[PDB]
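Please read the structure below before turning to the comments.
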Amino acid sequence: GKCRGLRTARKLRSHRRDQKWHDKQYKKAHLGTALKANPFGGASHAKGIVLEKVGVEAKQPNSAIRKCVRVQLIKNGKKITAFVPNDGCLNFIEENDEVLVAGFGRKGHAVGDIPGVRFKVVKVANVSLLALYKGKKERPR
Amino acid sequence: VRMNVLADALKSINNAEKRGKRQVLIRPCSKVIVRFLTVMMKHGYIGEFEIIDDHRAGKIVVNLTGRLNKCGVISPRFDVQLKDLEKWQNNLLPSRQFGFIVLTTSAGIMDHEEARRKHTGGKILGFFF
Amino acid sequence: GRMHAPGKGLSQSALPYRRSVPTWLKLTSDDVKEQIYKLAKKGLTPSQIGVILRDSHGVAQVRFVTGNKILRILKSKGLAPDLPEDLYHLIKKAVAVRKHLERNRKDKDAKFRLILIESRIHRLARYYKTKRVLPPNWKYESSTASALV
Amino acid sequence: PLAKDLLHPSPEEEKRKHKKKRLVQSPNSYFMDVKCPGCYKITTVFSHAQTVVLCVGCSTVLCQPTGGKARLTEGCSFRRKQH
RNA sequence: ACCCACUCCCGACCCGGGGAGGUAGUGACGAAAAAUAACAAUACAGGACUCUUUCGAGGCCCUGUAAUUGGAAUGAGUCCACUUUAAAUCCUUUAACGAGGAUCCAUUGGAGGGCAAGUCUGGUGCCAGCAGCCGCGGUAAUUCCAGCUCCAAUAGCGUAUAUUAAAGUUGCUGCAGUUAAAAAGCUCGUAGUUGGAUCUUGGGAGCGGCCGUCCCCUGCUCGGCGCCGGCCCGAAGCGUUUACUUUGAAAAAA
RNA sequence: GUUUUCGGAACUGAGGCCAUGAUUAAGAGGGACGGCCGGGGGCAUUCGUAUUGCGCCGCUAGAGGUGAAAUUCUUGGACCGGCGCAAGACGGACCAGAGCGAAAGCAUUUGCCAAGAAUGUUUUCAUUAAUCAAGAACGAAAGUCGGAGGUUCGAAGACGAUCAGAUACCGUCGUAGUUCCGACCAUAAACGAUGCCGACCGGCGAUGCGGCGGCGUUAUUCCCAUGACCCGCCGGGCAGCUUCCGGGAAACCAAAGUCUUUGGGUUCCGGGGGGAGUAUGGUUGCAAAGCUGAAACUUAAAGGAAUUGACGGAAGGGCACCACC
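Chains as they are written, first to last, in the entry's author numbering: chain Y, 2 to 142; chain X, 2 to 130; chain O, 2 to 150; chain c, 2 to 84.
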């Protein structure tokens with residue numbers, strides 16, 4: 002602190018109050034703009050409907066094709082490219098399927114090789130994509 | 002300008018002892034400096050000093066050992082209950098085995114250990130070890 | 002450090018330890034006061050009185066010789082000025098500068114030094130109103146200032 | 002030097018130092034028994050006069066003001082008086 | 001879903017009524033305890049000892065592993081009865097059954113580094129995919145897809161998101177500002193904030209072995225330890241004003 | 001039937017009594033005083049070459065310009081040489097790690113005008129102070145509006161070269177502008193990239209201002225006292241060197257130290273890189289623009305200091321008939 006007056010409580014509090022806005026992690030949480038522009042509307046997960054299956058070219062170094070899924074969210078009507086996890090799990094996603102969709106892990110930031118894809122597909126037609134991959138549940142059709 | 006005269010004093014005899022001086026002039030003088038020094042003397046940290054009387058504020062000349070590791074002021078003079086005096090000596094002294102917070106009580110300017118047995122809190126002036 | 006300069010000067014007057022009067026000084030406190038009255042009547046300030054006294058009449062400090070100081074000797078009898086000498090001299094300087102700056106609008110340095118002097122005045126005015134040696138109704142205005150010589 | 006007798010400055014050291022910075026504050030001025038040879042009376046003049054000290058019953062003008070110590074006019078003598 | 005039996009409430013009311021409330025049902029929100037084996041005989045191996053250069057001998061002593069074998073165990077469940085309770089349930093108690101692959105079968109995530117644990121084998125070949133980050137994948141992949149193996153937590157374990165610590169990366173404690181982000185071009189200036197020194201000390205009373213712990217260093221209307229109008233003292237009321245510190249009152253439970 | 005003492009409260013006259021009442025004068029601050037000091041500021045006055053133009057006189061064909069040329073000027077006499085005249089810029093050398101100023105800034109002479117730090121002080125006031133939301137003054141250059149002037153230089157533009165191109169670097173012209181006056185504008189790597197005030201903690205020799213002291217030499221010579229040197233000290237300033245004070249990531253800093261042994265006062269201000277000083281709203285401006293100022297989104301770095309290497313169309317040294325002489 003740069004005012005050690007005994008009667009300086011408000012300058013020290015009112016400075017700190019003003020300088021907390023220059024923090025990212027604070028400015029984000031304490032404005033509507035981060036919580037509005039969030040496609041999930043501040044929710045953890047979100048059910049949406051697959052409208053196409055999309056190949057996304059991996060980043061500069063490594064070079065695969067990352068199989069993601071273009072999603073119309075129910076609650077918002079908003080557009081999302083959400084990644085599909087492990088080997089050969091895009092074979093489990095028929096078009097126009099209700100998929101439960103979570104974040105990727107970095108609180109709405111793009112992960113690894115996948116440019117501007119912040120989401121993974123968790124369940125497809127209310128059946129878990131780990132259970133389909135392990136073959137425990139069979140896809141109800 | 003000069004505002005905390007006890008700050009100028011304790012920083013000047015701290016500077017001087019770090020340099021290894023046998024004595025140090027502290028060239029404004031207050032009654033609060035003189036009480037603080039007498040407390041540091043009773044615990045043998047500084048040597049028997051001397052207050053030079055001009056007809057303005059005095060000058061003091063303080064004989065030093067090499068016992069005073071650091072003296073220092075707490076500015077501003079925060080109010081200390083007997084509750085809080087553990088948390089000060091917790092964060093402001095180098096151990097429980099030695100070092101003394103000086104704090105001006107109503108009873109008088111004195112160490113934290115006498116402020117316990119007299120059972121009087123007050124305003125923290127400084128500290129030394 | 003000075004008020005309106007970067008100057009860190011140390012040209013101070015340094016009184017001696019012994020407040021006790023010297024031996025040689027034969028003038029009693031009353032004849033010093035009588036001579037202070039004679040200087041005040043001629044039209045001198047407590048600053049100018051004190052100088053003239055210590056030079057020609059070997060009286061170091063009037064406070065040391067008498068009990069009291071020169072303005073309080075002027076003030077007791079009523080030879081003291083209505084508004085203090087130091088606030089008089091700043092108002093005197095401000096009227097001098099402002100007169101120079103009537104026909105010298107180019108002189109931007111003068112204009113800046115005027116604002117520094119104006120600030121010295123307002124600053125002293127504010128002090129003397131706390132000590133009620135000026136009226137609370139008083140305020141130095143530069144248009145009213147030329148009447149205050 | 003670490004060890005200095007701060008309480009006992011040797012008078013060579015004290016008179017060297019700035020008047021304000023002396024262990025006890027002490028001026029560098031003094032009063033003079035200035036006498037002119039034309040007149041009878043000894044006037045007391047301040048060393049750093051800063052005025053024109055005149056002969057009362059004019060035989061001369063004694064001192065003239067400068068930066069520091071005033072110039073005592075050629076002809077005049079001075080004793081420095083003390084207590 | 002069952003019930004006014006508990007808790008209380010309402011009424012003219014010891015008597016009626018109460019989806020308030022209670023009791024079950026669903027319930028891995030979460031919290032507590034806590035099974036999934038223990039013990040011996042053997043093959044074996046490591047470690048005490050007489051002894052031997054080395055081997056080897058003995059096991060009186062230990063300790064560990066083999067779907068080796070052997071009985072003794074006790075509850076998951078099944079289930080009469082009592083108890084429980086408004087009536088039941090669950091729990092507790094207790095006849096009888098109830099275990100060798102004890103199949104009465106523990107998962108969840110990992111095993112390049114951070115980060116505990118394979119440079120094993122088969123597949124793929126910058127593909128598929130993994131990968132919080134750094135990175136792995138183009139023909140000896142410690143990272144993908146599997147097998148064996150090993151590690152971690154364990155009836156739980158992973159994931160997404162908010163949030164706390166870690167963050168001394170919001171800094172009052174406690175950050176920074178020459179060059180990493182950062183000192184207004186410069187000065188004046190009002191509220192804000194901060195503000196020099198200085199105003200009581202010596203001893204009286206008493207104890208322990210020169211030093212320690214105590215009582216005292218304001219004054220003027222009403223009565224009790226007493227006295228020949230007042231002396232010593234008890235109880236009111238005025239007594240620079242505040243912060244501060246110490247004590248006291250008072251401050252719902254949960 | 002009363003006015004009184006008595007209690008009790010207001011208005012007010014004299015005396016005594018109080019030891020009758022004012023702490024000190026900050027290595028805080030203001031103000032006065034003194035002799036200085038400075039490219040401090042303003043107004044005026046004055047000078048100096050030089051440049052360009054003009055006139056006159058002389059003699060001659062080139063001159064300018066460039067790495068090389070060309071454009072341009074030029075037998076209607078350019079360039080050059082001599083005497084003048086006019087205008088407008090600018091103040092060389094002296095000129096410094098020198099001074100002054102709040103910063104921007106400030107250099108011919110002389111005068112006037114107010115101003116200012118520093119020192120000197122046994123002068124005065126006596127806490128008047130430090131820093132600062134609001135508000136305010138000044139604020140390089142460019143740029144804007146209305147006048148005046150237009151020497152040089154020269155954004156745009158016209159050419160002439162170079163070039164692959166060359167709307168550029170080079171060259172010749174050249175409008176706005178550069179200059180002065182009045183009004184804006186308020187920004188610069190406006191930099192010491194270092195807020196202001198205060199205290200303390202090393203050494204050294206310098207320099208500038210004032211003061212104080214000390215052998216000697218020189219001038220006003222006729223002593224003085226003043227200048228000029230000389231040798232010290234003190235304060236204040238711009239600096240420098242040096243040191244394991246200490247700090248720091250280091251480079252480096254007597255401050256950027258006196259910080260985990262963390263608290264002298266106070267203002268502004270930063271929070272990974274971009275997006276962006278952008279959009280938007282307000283506000284100031286004639287305009288150009290300035291002040292305040294996000295978000296989505298994007299990203300694993302961007303950056304600082306130092307080390308080693310490679311590299312250079314940098315500097316120096318060295319070798320070799322696979323280099324030269």
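Every residue, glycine too, gets a C-beta built ideally from N, C-alpha and C.
Query, Result
"Backbone secondary structure at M4/X - three-state DSSP", "coil"
"Whole runs of the alpha helix (DSSP H) within the stretch 25 to 55 of chain X, excluding any shorter than 4 residues", "32 to 43"
"In DSSP terms, what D87/O is bridged to", "DSSP lists no partner for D87/O."
"Within-7 Å CB hit, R11/Y to chain X", "no"
"Contact set between the stretch 67 to 87 of chain X and chain c, restricted to residues whose Cβ is under 7 Å from the partner", "none"
"Whether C90/Y touches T82/Y by CB criterion (7 Å)", "no"
"Environment of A17/X [buried if 16+ CB atoms lie within 10 Å]", "buried"
"Test: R5/Y CB closer than 7 Å to a CB of chain X", "yes"
"Where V96/O sits in the DSSP three-state scheme", "helix"
"Assumed close pair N64/X, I53/X - CB separation to whole angstroms, cut-off 8 Å", "At roughly 14 Å, the Cβ-Cβ gap does not stay under 8 Å, so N64/X and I53/X are not in contact."
"As assigned by DSSP and simplified to three states, the class of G33/Y", "helix"
"Span separating the alpha-carbon of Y129/O from that of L135/O", "6 Å"
"Test: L38/X CB closer than 7 Å to a CB of chain c", "no"
"Which residues DSSP lists as bridging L65/X, in chain order", "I47/X"
"Neighbour list for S30/O in chain c, Cβ cutoff strictly below 8 Å", "Here the premise fails: no neighbours, minimum Cβ distance about 17 Å."
"Residue(s) in a DSSP beta bridge with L40/O", "Beta-bridge pairing links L40/O to no other residue."
"Exposure of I66/Y, with buried meaning 16 or more beta-carbon neighbours within 10 Å", "exposed"
"Distance, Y89/O Cα to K109/O Cα", "25 Å"
"Proximity test, Cβ basis, 7 Å: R97/X and chain c", "no"
"Classification of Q24/X by the beta-carbon crowding that lies within 10 angstroms, buried from 16 upward", "buried"
"DSSP-derived helix/strand/coil call for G56/Y", "strand"
"Counted within 10 angstroms of its Cβ, other Cβ atoms place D56/O as buried (16 or more) or exposed", "buried"
"Neighbourhood of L117/O by C-beta, 6 Å cutoff - its chain only, sequence neighbours within 5 removed", "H5"
"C72/X versus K19/X: straight-line alpha-carbon distance, rounded", "11 Å"
"Cβ shell of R20/O (< 7 Å), same chain only, five flanking positions each side left out", "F65"
"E14/c, enclosing alpha helix (DSSP H) - first and last residue", "12 to 17"
"Within 8 Å of chain X by C-beta, residues of the stretch 24 to 50 of chain c in sequence order", "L24, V25, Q26"
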